[PDB]
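Chemist: Quick one: this structure, given as structure tokens, is what I'll be asking you about.
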Amino acid sequence: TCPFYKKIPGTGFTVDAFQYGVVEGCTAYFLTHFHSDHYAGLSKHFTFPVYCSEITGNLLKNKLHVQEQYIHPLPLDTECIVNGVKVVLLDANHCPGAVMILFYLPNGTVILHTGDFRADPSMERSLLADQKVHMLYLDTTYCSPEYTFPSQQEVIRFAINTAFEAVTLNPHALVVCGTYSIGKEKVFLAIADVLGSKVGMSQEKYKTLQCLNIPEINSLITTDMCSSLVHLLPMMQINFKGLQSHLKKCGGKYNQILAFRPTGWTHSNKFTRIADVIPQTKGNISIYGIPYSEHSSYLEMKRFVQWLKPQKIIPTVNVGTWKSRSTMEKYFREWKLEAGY
Ligand code: NI
């Protein structure tokens with residue numbers, strides 16, 4: 001049974017609610033982005049209207065085989081009428097094709113559902129600037145002040161400088177980057193650009209990347225692993241055993257691996273600056289954990305909410321424990337008292 005924080009009152013709509021069977025009263029199912037916890041339940045047998053971005057609809061059709069007649073892609077930053085209700089899709093600064101959804105209810109209430117997002121000051125000059133928002137369905141993944149991490153730009157500078165140094169010292173070093181979902185493509189694309197290489201990967205991952213509308217992508221990726229010195233592997237294989245085994249398969253072309261695991265936050269963030277990050281090393285294999293986040297830090301979240309000034313907040317993450325729910329409610333009240341709304 002569909003939980004209340006996935007339902008939009010005063011409409012026939014749900015958000016990210018495909019794992020509950022036929023939801024009573026639902027006339028249109030929205031999908032914020034193509035991450036498995038959110039699409040859970042969709043397949044070629046789904047026969048209700050799905051509303052999403054162009055990029056998410058490419059993934060639904062090619063990866064999950066949803067039939068074309070049920071996919072309803074909408075342009076961004078554009079007022080659209082869906083089943084009698086005005087909606088807008090906004091870029092969520094999460095993974096490719098990820099959106100926030102503005103719903104303009106027939107009674108005059110305005111609701112923003114962030115999906116998953118990484119708040120940014122640039123959002124303060126989107127179509128959000130233009131009206132009041134009553135209710136905020138908020139991605140609270142990192143809603144506690146311990147969650148700090150650097151900008152994506154600082155993290156990418158670290159990765160590029162680290163990979164270029166290693167491979168210039170040793171032209172026989174291979175770079176490997178872990179992945180298990182879409183998102184974070186800048187990590188492996190920036191490293192391959194500095195090295196003058198295409199990124200090599202499985203046919204299944206190439207297929208996924210080809211759905212993403214990234215400019216000049218045919219110039220940047222390949223399935224020919226032998227021609228590439230940046231390889232993508234499943235995240236599960238980014239350990240000493242898995243990397244040893246990969247280096248065997250390369251036929252003595254390489255004699256060292258430098259590997260990256262883009263995580264979200266880890267508690268090494270509470271002590272260490274990006275500049276000071278060091279790898280775990282065993283023999284000729286080194287593994288860097290880099291804090292590349294596609295969700296808001298606590299401070300970025302707080303700035304967005306204090307700017308928006310919603311009347312009510314409904315968290316969408318960390319809702320399963322009373323301690324989490326009580327912590328989040330305390331911060332929402334602090335923010336409101338400090339800013340005066
Ligand atoms: Ni996500």
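How things are named: the first chain in the structure tokens is A, the next is B, and so on; residues count from 1 in each chain; ligands count from 1 in the order shown.
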Can you write out as a tab-separated table which residues of chain A fall within 10 Å of ligand 1, alongside each residue's closest atom pair and its distance in Å to one decimal, counting only C-alpha atoms and all ligand atoms and ordering rows by chain and ascending residue number?
Modeler:
residue	atom	partner	partner_atom_place_in_ligand_line	distance
A:32	CA	ligand 1	1 (Ni)	8.7
A:33	CA	ligand 1	1 (Ni)	6.7
A:34	CA	ligand 1	1 (Ni)	7.4
A:35	CA	ligand 1	1 (Ni)	5.1
A:36	CA	ligand 1	1 (Ni)	8.1
A:37	CA	ligand 1	1 (Ni)	7.7
A:38	CA	ligand 1	1 (Ni)	7.4
A:94	CA	ligand 1	1 (Ni)	6.9
A:95	CA	ligand 1	1 (Ni)	7.1
A:98	CA	ligand 1	1 (Ni)	8.0
A:115	CA	ligand 1	1 (Ni)	7.8
A:116	CA	ligand 1	1 (Ni)	5.2
A:117	CA	ligand 1	1 (Ni)	7.8
A:139	CA	ligand 1	1 (Ni)	9.5
A:141	CA	ligand 1	1 (Ni)	10.0
A:181	CA	ligand 1	1 (Ni)	9.1
A:182	CA	ligand 1	1 (Ni)	8.9
A:183	CA	ligand 1	1 (Ni)	8.3
A:294	CA	ligand 1	1 (Ni)	7.9
A:295	CA	ligand 1	1 (Ni)	8.2
Chemist: Those residues you just picked out, can you put them in a file as a compact mmCIF listing (two decimals), in the first residue's frame with C-alpha atoms?
Modeler:
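Writing the result to part26.txt gives the following:
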# COMPACT_ATOMS: atom_id res chain seq x y z
CA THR A 32 11.17 11.95 -10.90
CA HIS A 33 14.30 10.01 -12.11
CA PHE A 34 15.65 6.61 -13.20
CA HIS A 35 17.04 5.25 -9.86
CA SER A 36 15.85 1.73 -8.87
CA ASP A 37 14.30 2.66 -5.43
CA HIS A 38 12.09 5.13 -7.38
CA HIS A 94 20.74 15.05 -9.31
CA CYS A 95 21.48 12.48 -12.10
CA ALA A 98 16.14 14.00 -12.76
CA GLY A 115 12.36 14.20 -6.02
CA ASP A 116 16.03 13.57 -5.29
CA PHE A 117 18.00 16.85 -5.57
CA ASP A 139 14.67 15.04 -0.20
CA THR A 141 18.80 12.31 2.71
CA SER A 181 23.43 3.38 -11.54
CA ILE A 182 23.22 6.50 -13.68
CA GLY A 183 24.61 9.68 -12.10
CA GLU A 294 24.26 14.23 -5.99
CA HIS A 295 22.22 15.14 -2.86
Chemist: Can you tell me, as number ranges by chain, what residues are no more than 7 Å from residue A:133 when counting only C-alpha atoms, ignoring any on the same chain fewer than 4 positions away?
Modeler: A: 110-112, 310
Chemist: Extract the full set of alpha helix (DSSP H) residues from stretch 108-275 of chain A according to DSSP on the backbone, and format it as number ranges by chain.
Modeler: A: 152-169, 185-195, 203-210, 240-249
Chemist: Residues near residue A:105, anyone? I mean within 10 Å using only C-alpha atoms, not counting same-chain ones fewer than 4 positions away, as a ChimeraX atom specification.
Modeler: /A:8-11,84-87,109-111
Chemist: So, counting only C-alpha atoms, which residue among A:238, A:43, A:65, A:275 is closest to residue A:161?
Modeler: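 The answer is A:275, which sits nearest to residue A:161.
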